[PDB]
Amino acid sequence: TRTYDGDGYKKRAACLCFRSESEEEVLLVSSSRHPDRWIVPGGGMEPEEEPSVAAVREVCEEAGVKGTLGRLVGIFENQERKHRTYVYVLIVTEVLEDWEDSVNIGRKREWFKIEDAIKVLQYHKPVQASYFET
(Lines of atoms letter the chains of each structure in order from A and count residues from 1; the text may use other names and numbers.)
(Lines give C-alpha, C1' and ligand atoms only; values in the text may rest on other atoms or scores of the structure.)
Protein backbone atom coordinates (compact mmCIF):
# COMPACT_ATOMS: atom_id res chain seq x y z
CA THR A 1 0.00 0.00 0.00
CA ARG A 2 1.54 3.33 -1.17
CA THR A 3 1.32 6.40 1.10
CA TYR A 4 1.26 10.11 0.28
CA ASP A 5 1.86 13.49 1.89
CA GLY A 6 -1.06 15.95 1.93
CA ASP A 7 0.24 17.49 -1.36
CA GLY A 8 -0.04 14.09 -3.18
CA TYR A 9 3.74 13.29 -3.16
CA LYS A 10 4.48 9.58 -2.63
CA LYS A 11 6.25 8.96 0.74
CA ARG A 12 9.59 7.10 0.51
CA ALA A 13 12.59 6.29 2.70
CA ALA A 14 16.16 5.29 1.71
CA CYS A 15 19.57 4.75 3.33
CA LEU A 16 23.10 5.63 2.26
CA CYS A 17 24.54 2.25 3.29
CA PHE A 18 28.23 2.84 4.13
CA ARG A 19 30.85 0.11 4.60
CA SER A 20 32.23 1.94 7.73
CA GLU A 21 31.90 5.09 9.91
CA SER A 22 34.42 6.77 7.47
CA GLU A 23 31.50 6.96 4.91
CA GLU A 24 33.92 6.42 1.93
CA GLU A 25 32.14 3.45 0.18
CA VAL A 26 28.36 3.18 -0.34
CA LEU A 27 26.17 0.23 -1.45
CA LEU A 28 24.02 0.79 -4.59
CA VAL A 29 21.54 -1.77 -6.00
CA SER A 30 20.42 -2.43 -9.59
CA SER A 31 17.18 -0.89 -10.98
CA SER A 32 14.30 -3.45 -11.19
CA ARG A 33 13.09 -2.27 -14.69
CA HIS A 34 16.68 -1.64 -16.00
CA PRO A 35 19.28 -3.96 -14.36
CA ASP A 36 22.29 -2.19 -16.04
CA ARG A 37 21.47 0.99 -13.97
CA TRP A 38 22.33 1.73 -10.29
CA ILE A 39 20.05 3.30 -7.64
CA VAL A 40 20.11 4.06 -3.89
CA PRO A 41 18.11 1.36 -2.10
CA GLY A 42 14.78 2.69 -0.79
CA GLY A 43 11.04 2.55 -1.34
CA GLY A 44 7.54 3.39 -0.19
CA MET A 45 6.65 4.01 3.47
CA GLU A 46 3.70 1.86 4.65
CA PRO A 47 0.67 3.28 6.51
CA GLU A 48 1.70 4.71 9.96
CA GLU A 49 5.31 3.46 9.35
CA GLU A 50 8.05 5.71 10.86
CA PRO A 51 10.46 6.83 8.08
CA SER A 52 13.54 5.37 9.90
CA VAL A 53 11.72 1.99 10.15
CA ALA A 54 10.76 2.12 6.43
CA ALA A 55 14.35 2.98 5.44
CA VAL A 56 15.81 0.00 7.34
CA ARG A 57 13.13 -2.35 6.02
CA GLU A 58 13.60 -1.23 2.41
CA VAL A 59 17.43 -1.63 2.63
CA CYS A 60 17.02 -5.17 3.99
CA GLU A 61 14.56 -6.08 1.18
CA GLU A 62 16.48 -4.49 -1.71
CA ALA A 63 20.18 -4.67 -0.61
CA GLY A 64 20.18 -7.56 1.90
CA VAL A 65 22.13 -5.55 4.52
CA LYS A 66 21.53 -4.59 8.18
CA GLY A 67 23.45 -2.15 10.34
CA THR A 68 23.51 0.80 12.75
CA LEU A 69 21.05 3.51 11.69
CA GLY A 70 22.68 6.97 11.81
CA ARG A 71 21.44 10.50 11.15
CA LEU A 72 18.69 11.74 8.86
CA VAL A 73 20.63 13.42 5.99
CA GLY A 74 17.53 15.21 4.69
CA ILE A 75 14.15 15.05 2.94
CA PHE A 76 14.51 15.08 -0.89
CA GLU A 77 11.75 15.83 -3.42
CA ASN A 78 11.69 14.46 -6.96
CA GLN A 79 9.41 17.07 -8.63
CA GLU A 80 9.27 15.07 -11.95
CA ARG A 81 8.04 11.82 -10.26
CA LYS A 82 6.18 13.54 -7.32
CA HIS A 83 7.83 11.68 -4.46
CA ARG A 84 9.47 12.77 -1.22
CA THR A 85 12.24 10.62 0.32
CA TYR A 86 13.64 10.60 3.87
CA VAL A 87 17.36 9.67 3.46
CA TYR A 88 19.32 8.21 6.43
CA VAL A 89 22.92 7.11 7.01
CA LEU A 90 23.23 3.36 7.76
CA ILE A 91 26.59 1.83 8.80
CA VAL A 92 26.49 -1.75 7.43
CA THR A 93 27.34 -4.43 9.97
CA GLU A 94 25.63 -7.49 8.35
CA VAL A 95 25.76 -8.55 4.68
CA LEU A 96 23.26 -11.38 3.95
CA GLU A 97 23.74 -13.70 0.99
CA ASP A 98 20.13 -14.65 -0.10
CA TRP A 99 17.95 -11.56 0.34
CA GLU A 100 14.33 -10.86 -0.76
CA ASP A 101 15.09 -8.97 -4.01
CA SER A 102 18.07 -11.23 -5.02
CA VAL A 103 15.77 -14.34 -4.77
CA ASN A 104 12.64 -12.64 -6.25
CA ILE A 105 13.96 -10.36 -9.09
CA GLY A 106 17.78 -11.01 -9.25
CA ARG A 107 18.55 -7.50 -7.90
CA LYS A 108 22.37 -6.91 -7.74
CA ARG A 109 24.37 -4.82 -5.21
CA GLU A 110 27.82 -3.22 -5.43
CA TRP A 111 30.13 -1.02 -3.30
CA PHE A 112 31.07 2.36 -4.84
CA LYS A 113 33.49 5.10 -3.72
CA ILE A 114 31.18 8.14 -3.04
CA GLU A 115 32.53 10.03 -6.14
CA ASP A 116 31.74 6.98 -8.36
CA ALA A 117 28.24 6.53 -6.78
CA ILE A 118 27.46 10.18 -7.68
CA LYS A 119 28.79 9.54 -11.25
CA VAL A 120 26.59 6.45 -11.94
CA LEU A 121 23.45 8.06 -10.36
CA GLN A 122 23.70 11.39 -12.28
CA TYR A 123 22.07 10.47 -15.62
CA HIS A 124 18.78 8.77 -14.50
CA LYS A 125 18.74 9.62 -10.74
CA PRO A 126 20.15 13.17 -10.31
CA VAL A 127 18.14 13.68 -7.05
CA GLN A 128 19.76 10.49 -5.65
CA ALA A 129 23.19 11.81 -6.72
CA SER A 130 22.29 14.94 -4.65
CA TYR A 131 21.83 12.81 -1.48
CA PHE A 132 25.68 12.75 -1.27
CA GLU A 133 26.12 16.55 -1.60
CA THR A 134 26.27 17.02 2.22
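Start at 1 with the first residue shown and count on from there.
- Taking the PDB entry as given, 94-102 carries the higher mean Cα B factor of the two stretches 94-102 and 66-74.
- Here the stretch with the larger average CA B-factor, out of 55-63 and 28-36, is 28-36.
- When the modelled residues of the chain are ordered by C-alpha B-factor, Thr134 sits in the highest third.
- Annotation for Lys113: CA B-factor lies in the highest third of the chain's modelled residues.
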